[PDB]
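To start, the structure itself, in structure tokens.
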Amino acid sequence: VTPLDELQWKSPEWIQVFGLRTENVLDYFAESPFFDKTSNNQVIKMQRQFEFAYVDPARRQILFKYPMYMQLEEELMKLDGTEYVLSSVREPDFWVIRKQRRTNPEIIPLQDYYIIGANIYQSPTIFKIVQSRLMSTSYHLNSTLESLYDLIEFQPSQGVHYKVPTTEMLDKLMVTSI
Amino acid sequence: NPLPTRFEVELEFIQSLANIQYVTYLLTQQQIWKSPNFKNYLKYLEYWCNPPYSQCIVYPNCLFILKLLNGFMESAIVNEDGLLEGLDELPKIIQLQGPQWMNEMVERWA
Amino acid sequence: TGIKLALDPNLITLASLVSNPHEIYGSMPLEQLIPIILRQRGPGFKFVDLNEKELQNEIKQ
Amino acid sequence: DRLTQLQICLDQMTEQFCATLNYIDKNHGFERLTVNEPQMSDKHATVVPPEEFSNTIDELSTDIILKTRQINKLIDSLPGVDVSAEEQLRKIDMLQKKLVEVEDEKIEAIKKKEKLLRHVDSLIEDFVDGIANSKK
Amino acid sequence: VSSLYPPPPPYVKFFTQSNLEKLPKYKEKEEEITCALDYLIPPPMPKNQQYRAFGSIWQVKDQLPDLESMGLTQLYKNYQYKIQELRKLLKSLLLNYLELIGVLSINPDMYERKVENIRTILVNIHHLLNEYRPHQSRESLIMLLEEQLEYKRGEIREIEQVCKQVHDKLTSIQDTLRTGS
Amino acid sequence: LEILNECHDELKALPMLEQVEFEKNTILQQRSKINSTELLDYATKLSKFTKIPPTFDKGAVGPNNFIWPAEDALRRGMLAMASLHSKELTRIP
Amino acid sequence: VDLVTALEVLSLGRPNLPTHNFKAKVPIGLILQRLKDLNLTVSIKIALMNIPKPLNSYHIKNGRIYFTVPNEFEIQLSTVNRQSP
């Protein structure tokens with residue numbers, strides 16, 4: 001079993017059928033397992049299918065750049081709970097979706113999900129990244145240290161050392177010949 | 001719908017060696033190259049090299065990949081416990097030379 | 001089926017795969033050709049070891 | 001390879017047709033039925049001088065039919081129009097036999113070059129060991 | 001949620017050493033499976049010769065489909081006849097484009113069947129080209145055999161070119177040897 | 001003697017005898033291997049795959065399926081359902 | 001139609017690509033031919049070279065020329081072409 005962070009998720013079948021642009025990242029992420037099936041985003045999506053403060057300027061550029069997200073957040077301010085908004089975009093292919101709960105207003109952020117090359121990734125926290133790197137480093141130095149120790153030989157007549165595995169007048173002849 | 005025949009499944013798997021992503025997905029599991037049955041299957045599959053079995057192949061670079069990996073097999077000896085020595089570093093060769101082979105055969109496509 | 005076909009295998013593209021070891025060794029000039037010769041002859045091989053009668057009775061085997 | 005250029009010429013016909021239709025749909029003007037009716041212009045409309053409009057119409061038309069002469073000449077130059085598949089096999093088998101024969105002929109040609117090769121190296125080795133015995 | 005790639009087949013489990021040694025004995029003695037020794041003999045071609053692979057049907061010997069078999073209009077059906085058919089087809093294509101311009105320059109609503117006519121002309125032209133393609137491929141193989149003939153014979157002419165350079169340089173050395181005599 | 005030396009070394013630049021003898025052997029081996037109808041049928045099988053399509057500008061189309069099976073080709077292919085129906089493939093009498 | 005790759009399949013069972021890994025070999029007839037033409041090379045190299053009386057004893061053999069002085073030394077030398085020493 002692999003938990004939620006170490007998996008890259010994509011639906012190229014959904015890319016073949018619909019295609020991914022700056023507009024349809026929401027339902028593409030809804031098809032991803034990262035999406036909450038009890039979120040406020042999907043209930044307002046079912047309801048709609050049937051300047052502004054308390055936001056950072058990074059989302060404000062998105063709202064003033066794309067309309068469907070600004071009536072998305074205009075429907076989202078009415079309700080409360082976990083939501084899904086796109087903080088930054090880079091056409092042709094880069095997106096990010098943040099988990100976000102809103103209370104009345106007060107907003108905290110949560111886990112993000114960056115999209116690269118129409119492939120949904122869970123944004124990892126850096127502690128387990130450097131922890132995995134240190135797993136690799138520590139195991140590798142463990143292997144080096146164990147593989148080194150078998151070559152080490154100690155004698156009492158000398159110091160501790162390594163296991164030993166099981167003409168000089170020609171330069172003067174050269175310099176005298178010339 | 002009849003069952004997929006042994007010919008069809010073996011042809012689709014032998015054809016899948018043209019993509020390097022499939023083989024670098026397969027070679028990262030230790031139990032796959034550790035298994036001597038998979039090694040024998042690798043020496044089973046050269047019957048696609050001879051006609052008329054080669055006629056149905058669409059991308060012959062899979063046959064090239066099959067012929068390439070077999071040169072790493074005579075240097076490998078299987079023991080009584082099943083540890084296949086010599087296969088610890090061949091997948092590393094695959095990730096080091098991965099883009100090289102497929103870019104080379106893409107430029108041969110052009 | 002039909003009839004067979006024999007092709008010049010070395011040249012298929014107009015203006016290689018068949019490794020005939022003669023045109024891929026005798027074409028190059030000797031000054032850089034000798035190094036790969038004594039590299040492929042053996043490890044630690046020297047120019048002093050090459051001989052007439054050695055190759056003359058090596059082809060006789 | 002000729003059929004490939006033919007297909008390129010065919011969809012070049014189609015691109016020329018849609019390009020001429022696009023040009024005549026977008027860059028046409030507004031024609032006076034009478035002189036007393038008002039002639040208005042739009043800043044969102046690509047108005048062109050009518051004389052160079054007609055000149056561009058003429059050059060579009062002439063490039064269409066010069067590409068048409070290219071198509072006709074290329075189809076006149078299609079490789080093999082009078083031969084059948086049986087004629088193709090009757091060419092292939094004699095080409096097979098001729099290739100086997102010219103491999104043989106190249107074998108005796110290389111044999112003659114080898115005649116000359118050991119001739120010239122025998123003269124060279126006789127010359128050099130003669131002068132080596134002379135000068136020693 | 002499953003893996004990205006399918007697993008290796010269950011047929012790999014039968015490749016055991018007992019099966020390897022019993023394979024020549026079984027040889028001395030679409031498949032109907034009877035025992036484990038059937039999985040070491042490679043399976044023959046399907047009798048239907050149309051096998052499913054990668055969501056499509058291939059064939060052991062592909063034949064070019066007709067327009068009627070595919071469900072379209074084959075206007076015209078040893079290739080001189082097809083060459084003249086192609087010539088009439090291209091002339092009809094040019095005339096039908098002129099007719100399409102005429103239709104759009106009186107009534108831009110009746111063009112729909114004219115576009116269908118242009119479609120039929122184009123698909124007949126393309127299918128005629130693909131019918132000529134095995135003949136064109138045979139001509140390409142003829143060209144390749146002629147090109148290898150030409151390269152062998154060009155090797156011949158360069159052989160006697162270098163040889164004649166040897167002969168007239170030999171006449172030169174004979175002349176200068178007689179001069180030095 | 002030196003002009004005979006350049007004559008000898010320019011004549012040395014030609015292919016030798018056993019090279020074309022081995023070439024003849026390979027030509028007869030290809031006589032053994034290749035059949036004309038088989039070659040043309042197999043070559044026109046690969047006609048739409050092993051080269052770039054000489055009709056597009058290839059700035060919007062790539063070799064996802066032209067040289068190797070694509071990811072989505074394996075997804076929609078019958079091998080994908082062969083993976084799910086592998087239990088029936090394990091059914092051996 | 002793509003005749004070259006079908007020819008590669010019907011020849012080897014694989015297309016032609018450069019091989020950085022095993023999937024060279026020097027002929028012994030070729031190396032003896034090059035040995036004897038290099039012996040001819042070093043034999044005609046000393047045609048333009050004057051030879052001293054202490055070193056007129058030489059043996060053009062084994063791809064070399066054996067410049068020898070009796071009971072003193074024997075040095076064997078070779079060249080790559082004519083214009084280089």
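Residue names in the structure tokens use chain letters A, B, ... in the order shown, residue numbers from 1 in each chain, and ligand numbers from 1 in the order shown.
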Per residue of chain E within 9 Å of chain G, which atom pair is closest and at what distance in Å (one decimal), using only C-alpha atoms, listed by chain and increasing number, as CSV?
```
residue,atom,partner,partner_atom,distance
E:133,CA,G:1,CA,8.3
E:134,CA,G:1,CA,8.8
E:136,CA,G:1,CA,8.7
E:137,CA,G:1,CA,6.0
E:140,CA,G:1,CA,8.1
E:141,CA,G:3,CA,7.6
E:144,CA,G:3,CA,9.0
```
Exercise for the section: Identify all chain D residues at most 12 Å from chain F by counting only C-alpha atoms; ligands do not count. Present them as an NGL selection string. Expected result: :D and (1-12 or 85 or 88-89 or 92-93 or 96-97 or 99-125 or 127-128 or 131)
Could you pull out the alpha helix (DSSP H) residues of region 69-103 of chain E from DSSP and send them as a PDB file with N, CA and C atoms, in the first residue's frame?
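Wrote it out as out_9.pdb, contents follow:
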```pdb
ATOM      1  N   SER E  69     -17.623  -1.471 -48.944  1.00  0.00           N
ATOM      2  CA  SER E  69     -17.482  -2.263 -47.727  1.00  0.00           C
ATOM      3  C   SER E  69     -17.387  -1.377 -46.495  1.00  0.00           C
ATOM      4  N   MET E  70     -16.772  -0.204 -46.626  1.00  0.00           N
ATOM      5  CA  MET E  70     -16.722   0.752 -45.531  1.00  0.00           C
ATOM      6  C   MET E  70     -17.991   1.592 -45.451  1.00  0.00           C
ATOM      7  N   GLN E  80      -3.265   1.874 -66.014  1.00  0.00           N
ATOM      8  CA  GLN E  80      -3.583   2.977 -66.916  1.00  0.00           C
ATOM      9  C   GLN E  80      -5.021   3.440 -66.725  1.00  0.00           C
ATOM     10  N   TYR E  81      -5.934   2.485 -66.525  1.00  0.00           N
ATOM     11  CA  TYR E  81      -7.327   2.807 -66.240  1.00  0.00           C
ATOM     12  C   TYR E  81      -7.437   3.643 -64.974  1.00  0.00           C
ATOM     13  N   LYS E  82      -6.710   3.252 -63.925  1.00  0.00           N
ATOM     14  CA  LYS E  82      -6.747   3.999 -62.674  1.00  0.00           C
ATOM     15  C   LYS E  82      -6.084   5.366 -62.808  1.00  0.00           C
ATOM     16  N   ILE E  83      -5.068   5.489 -63.663  1.00  0.00           N
ATOM     17  CA  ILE E  83      -4.445   6.788 -63.894  1.00  0.00           C
ATOM     18  C   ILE E  83      -5.416   7.738 -64.588  1.00  0.00           C
ATOM     19  N   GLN E  84      -6.114   7.251 -65.618  1.00  0.00           N
ATOM     20  CA  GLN E  84      -7.118   8.081 -66.279  1.00  0.00           C
ATOM     21  C   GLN E  84      -8.277   8.406 -65.345  1.00  0.00           C
ATOM     22  N   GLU E  85      -8.641   7.466 -64.469  1.00  0.00           N
ATOM     23  CA  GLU E  85      -9.663   7.733 -63.464  1.00  0.00           C
ATOM     24  C   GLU E  85      -9.221   8.837 -62.514  1.00  0.00           C
ATOM     25  N   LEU E  86      -7.947   8.824 -62.115  1.00  0.00           N
ATOM     26  CA  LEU E  86      -7.410   9.877 -61.259  1.00  0.00           C
ATOM     27  C   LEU E  86      -7.407  11.226 -61.967  1.00  0.00           C
ATOM     28  N   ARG E  87      -7.096  11.229 -63.265  1.00  0.00           N
ATOM     29  CA  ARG E  87      -7.107  12.470 -64.033  1.00  0.00           C
ATOM     30  C   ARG E  87      -8.513  13.055 -64.117  1.00  0.00           C
ATOM     31  N   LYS E  88      -9.495  12.208 -64.431  1.00  0.00           N
ATOM     32  CA  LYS E  88     -10.880  12.665 -64.454  1.00  0.00           C
ATOM     33  C   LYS E  88     -11.337  13.106 -63.071  1.00  0.00           C
ATOM     34  N   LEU E  89     -10.842  12.447 -62.020  1.00  0.00           N
ATOM     35  CA  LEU E  89     -11.200  12.814 -60.656  1.00  0.00           C
ATOM     36  C   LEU E  89     -10.663  14.189 -60.280  1.00  0.00           C
ATOM     37  N   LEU E  90      -9.418  14.496 -60.653  1.00  0.00           N
ATOM     38  CA  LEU E  90      -8.869  15.807 -60.309  1.00  0.00           C
ATOM     39  C   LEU E  90      -9.537  16.912 -61.120  1.00  0.00           C
ATOM     40  N   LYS E  91      -9.845  16.638 -62.394  1.00  0.00           N
ATOM     41  CA  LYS E  91     -10.582  17.617 -63.185  1.00  0.00           C
ATOM     42  C   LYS E  91     -11.974  17.849 -62.608  1.00  0.00           C
ATOM     43  N   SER E  92     -12.629  16.778 -62.155  1.00  0.00           N
ATOM     44  CA  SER E  92     -13.926  16.913 -61.509  1.00  0.00           C
ATOM     45  C   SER E  92     -13.822  17.667 -60.193  1.00  0.00           C
ATOM     46  N   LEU E  93     -12.720  17.490 -59.459  1.00  0.00           N
ATOM     47  CA  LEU E  93     -12.525  18.231 -58.216  1.00  0.00           C
ATOM     48  C   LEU E  93     -12.395  19.724 -58.478  1.00  0.00           C
ATOM     49  N   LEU E  94     -11.619  20.093 -59.500  1.00  0.00           N
ATOM     50  CA  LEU E  94     -11.476  21.504 -59.847  1.00  0.00           C
ATOM     51  C   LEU E  94     -12.804  22.094 -60.314  1.00  0.00           C
ATOM     52  N   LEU E  95     -13.524  21.357 -61.166  1.00  0.00           N
ATOM     53  CA  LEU E  95     -14.813  21.835 -61.656  1.00  0.00           C
ATOM     54  C   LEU E  95     -15.829  21.945 -60.527  1.00  0.00           C
ATOM     55  N   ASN E  96     -15.789  21.019 -59.570  1.00  0.00           N
ATOM     56  CA  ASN E  96     -16.732  21.063 -58.465  1.00  0.00           C
ATOM     57  C   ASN E  96     -16.392  22.165 -57.477  1.00  0.00           C
ATOM     58  N   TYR E  97     -15.110  22.511 -57.327  1.00  0.00           N
ATOM     59  CA  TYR E  97     -14.793  23.696 -56.537  1.00  0.00           C
ATOM     60  C   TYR E  97     -15.283  24.964 -57.221  1.00  0.00           C
ATOM     61  N   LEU E  98     -15.160  25.028 -58.549  1.00  0.00           N
ATOM     62  CA  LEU E  98     -15.723  26.161 -59.280  1.00  0.00           C
ATOM     63  C   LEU E  98     -17.238  26.224 -59.111  1.00  0.00           C
ATOM     64  N   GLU E  99     -17.899  25.067 -59.160  1.00  0.00           N
ATOM     65  CA  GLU E  99     -19.339  25.002 -58.943  1.00  0.00           C
ATOM     66  C   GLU E  99     -19.712  25.400 -57.521  1.00  0.00           C
ATOM     67  N   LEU E 100     -18.874  25.054 -56.541  1.00  0.00           N
ATOM     68  CA  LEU E 100     -19.119  25.460 -55.161  1.00  0.00           C
ATOM     69  C   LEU E 100     -19.013  26.970 -55.009  1.00  0.00           C
ATOM     70  N   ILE E 101     -18.027  27.582 -55.672  1.00  0.00           N
ATOM     71  CA  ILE E 101     -17.924  29.039 -55.666  1.00  0.00           C
ATOM     72  C   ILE E 101     -19.149  29.660 -56.325  1.00  0.00           C
ATOM     73  N   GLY E 102     -19.619  29.060 -57.421  1.00  0.00           N
ATOM     74  CA  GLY E 102     -20.822  29.562 -58.070  1.00  0.00           C
ATOM     75  C   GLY E 102     -22.057  29.464 -57.191  1.00  0.00           C
ATOM     76  N   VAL E 103     -22.203  28.338 -56.488  1.00  0.00           N
ATOM     77  CA  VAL E 103     -23.329  28.142 -55.581  1.00  0.00           C
ATOM     78  C   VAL E 103     -23.289  29.171 -54.461  1.00  0.00           C
TER      79      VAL E 103
END
```
Dump as a tab-separated table the rows for residues of chain F within 8 Å of chain G: closest atom pair and distance in Å with one decimal, only C-alpha atoms counted, ordered by chain and rising residue number.
```
residue	atom	partner	partner_atom	distance
F:30	CA	G:11	CA	6.3
F:33	CA	G:10	CA	6.5
F:34	CA	G:10	CA	6.0
F:39	CA	G:6	CA	6.5
F:40	CA	G:3	CA	7.3
F:42	CA	G:6	CA	6.4
F:43	CA	G:6	CA	5.2
F:44	CA	G:1	CA	5.3
F:46	CA	G:2	CA	6.6
F:47	CA	G:1	CA	4.7
F:50	CA	G:2	CA	7.2
F:51	CA	G:2	CA	7.6
```
Can those selected residues be exported to a file as a PDB file, in the first residue's frame so that it contains N, CA, C and O atoms?
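Now in again_15.pdb:
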```pdb
ATOM      1  N   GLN F  30      20.709 -13.545 -46.775  1.00  0.00           N
ATOM      2  CA  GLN F  30      19.494 -12.750 -46.928  1.00  0.00           C
ATOM      3  C   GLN F  30      18.589 -13.314 -48.021  1.00  0.00           C
ATOM      4  O   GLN F  30      17.366 -13.145 -47.959  1.00  0.00           O
ATOM      5  N   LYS F  33      16.748 -15.673 -46.001  1.00  0.00           N
ATOM      6  CA  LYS F  33      15.820 -15.144 -45.001  1.00  0.00           C
ATOM      7  C   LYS F  33      14.611 -14.443 -45.622  1.00  0.00           C
ATOM      8  O   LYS F  33      13.479 -14.651 -45.172  1.00  0.00           O
ATOM      9  N   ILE F  34      14.815 -13.610 -46.645  1.00  0.00           N
ATOM     10  CA  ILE F  34      13.797 -12.660 -47.095  1.00  0.00           C
ATOM     11  C   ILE F  34      12.958 -13.259 -48.217  1.00  0.00           C
ATOM     12  O   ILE F  34      13.486 -13.899 -49.134  1.00  0.00           O
ATOM     13  N   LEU F  39       8.170  -9.394 -47.442  1.00  0.00           N
ATOM     14  CA  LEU F  39       8.845  -8.133 -47.157  1.00  0.00           C
ATOM     15  C   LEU F  39       7.948  -6.940 -47.452  1.00  0.00           C
ATOM     16  O   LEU F  39       7.865  -6.009 -46.646  1.00  0.00           O
ATOM     17  N   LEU F  40       7.258  -6.953 -48.595  1.00  0.00           N
ATOM     18  CA  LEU F  40       6.415  -5.810 -48.935  1.00  0.00           C
ATOM     19  C   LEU F  40       5.202  -5.721 -48.018  1.00  0.00           C
ATOM     20  O   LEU F  40       4.804  -4.619 -47.619  1.00  0.00           O
ATOM     21  N   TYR F  42       5.044  -6.825 -44.836  1.00  0.00           N
ATOM     22  CA  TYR F  42       5.506  -6.362 -43.535  1.00  0.00           C
ATOM     23  C   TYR F  42       5.929  -4.902 -43.579  1.00  0.00           C
ATOM     24  O   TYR F  42       5.739  -4.177 -42.598  1.00  0.00           O
ATOM     25  N   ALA F  43       6.491  -4.450 -44.700  1.00  0.00           N
ATOM     26  CA  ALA F  43       6.925  -3.065 -44.802  1.00  0.00           C
ATOM     27  C   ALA F  43       5.735  -2.120 -44.879  1.00  0.00           C
ATOM     28  O   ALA F  43       5.756  -1.042 -44.275  1.00  0.00           O
ATOM     29  N   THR F  44       4.684  -2.504 -45.604  1.00  0.00           N
ATOM     30  CA  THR F  44       3.491  -1.670 -45.620  1.00  0.00           C
ATOM     31  C   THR F  44       2.677  -1.808 -44.341  1.00  0.00           C
ATOM     32  O   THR F  44       1.811  -0.966 -44.085  1.00  0.00           O
ATOM     33  N   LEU F  46       4.327  -1.508 -41.502  1.00  0.00           N
ATOM     34  CA  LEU F  46       5.052  -0.515 -40.725  1.00  0.00           C
ATOM     35  C   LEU F  46       5.071   0.852 -41.390  1.00  0.00           C
ATOM     36  O   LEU F  46       5.752   1.753 -40.892  1.00  0.00           O
ATOM     37  N   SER F  47       4.360   1.011 -42.508  1.00  0.00           N
ATOM     38  CA  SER F  47       4.437   2.245 -43.285  1.00  0.00           C
ATOM     39  C   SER F  47       3.885   3.436 -42.513  1.00  0.00           C
ATOM     40  O   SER F  47       4.437   4.539 -42.588  1.00  0.00           O
ATOM     41  N   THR F  50       6.686   3.701 -38.599  1.00  0.00           N
ATOM     42  CA  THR F  50       8.121   3.867 -38.398  1.00  0.00           C
ATOM     43  C   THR F  50       8.703   5.119 -39.047  1.00  0.00           C
ATOM     44  O   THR F  50       9.929   5.260 -39.069  1.00  0.00           O
ATOM     45  N   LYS F  51       7.883   6.024 -39.569  1.00  0.00           N
ATOM     46  CA  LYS F  51       8.371   7.303 -40.063  1.00  0.00           C
ATOM     47  C   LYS F  51       7.426   8.404 -39.613  1.00  0.00           C
ATOM     48  O   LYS F  51       6.259   8.155 -39.298  1.00  0.00           O
TER      49      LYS F  51
END
```
Practice task
Could the residues of chain C within 9 Å of chain F, counting only C-alpha atoms, be given as a PyMOL selection string, please?
Solution key: chain C and resi 1-10+18+20-23+26-27
Please report, as a Markdown table, each residue of chain E lying at most 7 Å from chain F, together with the nearest pair of atoms and the separation in Å rounded to one decimal; use only C-alpha atoms, and order rows by chain and ascending residue number.
```
| residue | atom | partner | partner_atom | distance |
| --- | --- | --- | --- | --- |
| E:6 | CA | F:83 | CA | 5.1 |
| E:7 | CA | F:83 | CA | 6.6 |
| E:10 | CA | F:90 | CA | 5.8 |
| E:53 | CA | F:78 | CA | 6.3 |
| E:54 | CA | F:77 | CA | 3.9 |
| E:55 | CA | F:77 | CA | 4.5 |
| E:166 | CA | F:7 | CA | 6.9 |
```
Practice task
Find the spatial neighbours of residue 79 (chain G), counting only C-alpha atoms, within a cut-off of 9 Å - ignore same-chain residues fewer than 6 positions away - and output them as a PyMOL selection string.
Solution key: (chain C and resi 31) or (chain G and resi 38+41-42+45+64+85)
Restricting it to N, CA and C atoms, dump the selection as a compact mmCIF listing (two decimals), in the first residue's frame.
```
# COMPACT_ATOMS: atom_id res chain seq x y z
N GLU C 31 47.56 4.98 -38.33
CA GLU C 31 48.17 5.65 -37.18
C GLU C 31 47.25 5.68 -35.97
N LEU G 38 52.64 -3.05 -43.11
CA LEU G 38 53.46 -2.20 -42.25
C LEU G 38 54.93 -2.61 -42.31
N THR G 41 55.93 -0.94 -45.27
CA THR G 41 56.03 0.48 -44.94
C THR G 41 57.38 0.81 -44.31
N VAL G 42 57.79 0.04 -43.30
CA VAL G 42 59.07 0.30 -42.65
C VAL G 42 60.24 -0.14 -43.52
N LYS G 45 60.50 2.84 -45.90
CA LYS G 45 60.88 4.05 -45.18
C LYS G 45 62.40 4.21 -45.14
N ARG G 64 58.28 -4.83 -37.68
CA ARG G 64 59.34 -3.96 -37.21
C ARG G 64 60.55 -4.12 -38.11
N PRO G 85 58.15 10.39 -38.71
CA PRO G 85 59.28 9.54 -38.31
C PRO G 85 58.81 8.31 -37.55
```
Exercise for the section: Tell me the residues of chain G close to chain C, meaning within 8 Å using only C-alpha atoms, as a ChimeraX atom specification. Expected result: /G:4,8,16-17,24-32,35-36,61-63,80-81
Practice task
Can you pull out every residue within 9 Å of region 13-19 of chain D, counting only C-alpha atoms, but drop anything in the same chain fewer than 4 positions away, and send it as JSON, numbers by chain?
Solution key: {"D": [8, 9, 23, 24, 60, 63, 64, 67, 68], "E": [97]}
Export of prior selection with N, CA and C atoms as a short mmCIF file (atom, residue, chain, number, x, y, z; two decimals), in the first residue's frame:
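Resulting contents of part_7.cif:
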```
data_model
loop_
_atom_site.label_atom_id
_atom_site.label_comp_id
_atom_site.auth_asym_id
_atom_site.auth_seq_id
_atom_site.Cartn_x
_atom_site.Cartn_y
_atom_site.Cartn_z
N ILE D 8 0.84 16.05 -50.65
CA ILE D 8 1.16 17.42 -50.23
C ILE D 8 0.54 18.43 -51.19
N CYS D 9 0.57 18.13 -52.48
CA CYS D 9 -0.06 19.00 -53.46
C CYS D 9 -1.58 19.01 -53.31
N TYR D 23 -9.94 34.90 -47.62
CA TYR D 23 -9.57 36.23 -48.10
C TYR D 23 -10.77 36.95 -48.69
N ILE D 24 -11.55 36.25 -49.52
CA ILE D 24 -12.69 36.88 -50.16
C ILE D 24 -13.83 37.11 -49.18
N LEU D 60 -3.85 34.93 -56.20
CA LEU D 60 -4.35 33.72 -55.55
C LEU D 60 -4.84 32.71 -56.58
N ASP D 63 -1.84 31.23 -58.49
CA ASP D 63 -1.06 30.24 -57.76
C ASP D 63 -1.84 28.94 -57.62
N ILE D 64 -3.17 29.02 -57.55
CA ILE D 64 -3.99 27.80 -57.58
C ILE D 64 -3.74 27.02 -58.86
N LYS D 67 -0.11 25.57 -59.17
CA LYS D 67 -0.07 24.34 -58.39
C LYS D 67 -0.83 23.23 -59.11
N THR D 68 -1.86 23.59 -59.88
CA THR D 68 -2.57 22.59 -60.68
C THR D 68 -1.70 22.05 -61.82
N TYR E 97 -15.11 22.51 -57.33
CA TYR E 97 -14.79 23.70 -56.54
C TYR E 97 -15.28 24.96 -57.22
#
```
Near residue 41 (chain B), counting only C-alpha atoms, which residues have an atom at most 10 Å away, once you skip same-chain residues fewer than 2 positions from it, shown as a PDB file with C-alpha atoms, in the first residue's frame?
```pdb
ATOM      1  CA  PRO B  36      14.675 -17.191 -12.299  1.00  0.00           C
ATOM      2  CA  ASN B  37      11.309 -17.913 -13.944  1.00  0.00           C
ATOM      3  CA  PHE B  38      11.295 -14.372 -15.349  1.00  0.00           C
ATOM      4  CA  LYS B  39      14.882 -14.965 -16.496  1.00  0.00           C
ATOM      5  CA  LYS B  43      15.239 -16.628 -22.728  1.00  0.00           C
ATOM      6  CA  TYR B  44      11.839 -17.963 -23.808  1.00  0.00           C
ATOM      7  CA  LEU B  45      10.914 -14.854 -25.843  1.00  0.00           C
ATOM      8  CA  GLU B  46      13.522 -14.928 -28.738  1.00  0.00           C
TER       9      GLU B  46
ATOM     10  CA  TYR E  11       1.768 -18.377 -18.383  1.00  0.00           C
ATOM     11  CA  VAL E  12       5.227 -17.769 -16.868  1.00  0.00           C
ATOM     12  CA  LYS E  13       4.513 -20.186 -13.996  1.00  0.00           C
ATOM     13  CA  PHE E  15       8.186 -22.559 -17.489  1.00  0.00           C
TER      14      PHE E  15
END
```
Contacts of chain E with chain A up to 12 Å, shortest pair per row, only C-alpha atoms, as JSON lines:
```
{"residue": "E:1", "atom": "CA", "partner": "A:33", "partner_atom": "CA", "distance": 9.3}
{"residue": "E:2", "atom": "CA", "partner": "A:1", "partner_atom": "CA", "distance": 10.9}
{"residue": "E:3", "atom": "CA", "partner": "A:7", "partner_atom": "CA", "distance": 10.9}
{"residue": "E:4", "atom": "CA", "partner": "A:9", "partner_atom": "CA", "distance": 10.1}
```
Exercise for the section: Enumerate as a ChimeraX atom specification all residues of region 46-84 of chain G assigned to strand (DSSP E or B) by DSSP on the backbone, naming them with the chain letters and numbers the document uses. Expected result: /G:60-61,64-69,73-77
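The environment of region 93-102 of chain A within 7 Å, counting only C-alpha atoms and disregarding residues fewer than 5 places along the same chain, consists of residues 80, 81, 82, 83, 84, 85, 86, 87, 88, 107, 108, 109, 110, 111, 112, 113, 114, 115, 116, 117 and 118 of chain A.
The closest residue to residue 15 (chain G), picked from B:3, B:62, B:14, B:83 and counting only C-alpha atoms, is B:62.
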Which residues of chain E come within 8 Å of chain D, and for each one, what is the closest pair of atoms and their distance in Å to one decimal, counting only C-alpha atoms, sorted by chain and residue number, as a Markdown table?
```
| residue | atom | partner | partner_atom | distance |
| --- | --- | --- | --- | --- |
| E:78 | CA | D:84 | CA | 4.9 |
| E:79 | CA | D:81 | CA | 5.6 |
| E:80 | CA | D:81 | CA | 5.5 |
| E:83 | CA | D:81 | CA | 7.0 |
| E:129 | CA | D:3 | CA | 7.3 |
| E:135 | CA | D:85 | CA | 6.5 |
| E:136 | CA | D:79 | CA | 7.1 |
| E:138 | CA | D:88 | CA | 6.6 |
| E:139 | CA | D:79 | CA | 6.8 |
| E:142 | CA | D:92 | CA | 6.5 |
| E:145 | CA | D:95 | CA | 6.8 |
| E:146 | CA | D:95 | CA | 7.5 |
| E:149 | CA | D:99 | CA | 6.2 |
| E:152 | CA | D:102 | CA | 7.3 |
| E:153 | CA | D:102 | CA | 7.7 |
| E:156 | CA | D:106 | CA | 6.9 |
| E:159 | CA | D:113 | CA | 7.7 |
| E:163 | CA | D:113 | CA | 7.9 |
```
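Residues with any atom within 10 Å of region 27-30 of chain E, counting only C-alpha atoms and excluding same-chain neighbours fewer than 5 positions away, are residues 4, 5, 6, 7 and 8 of chain B; 22, 37, 38, 41, 43, 44, 45, 46, 47 and 48 of chain E.
Near chain F, counting only C-alpha atoms at 12 Å, the chain A residues are residues 10, 11, 12, 13, 14, 15, 16 and 17 of chain A.
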Handout entry: Residue list for chain G near chain D as a PyMOL selection string, 10 Å, only C-alpha atoms
Key = chain G and resi 1+37+39-40+43-44+46-47+50-53+55-58+60
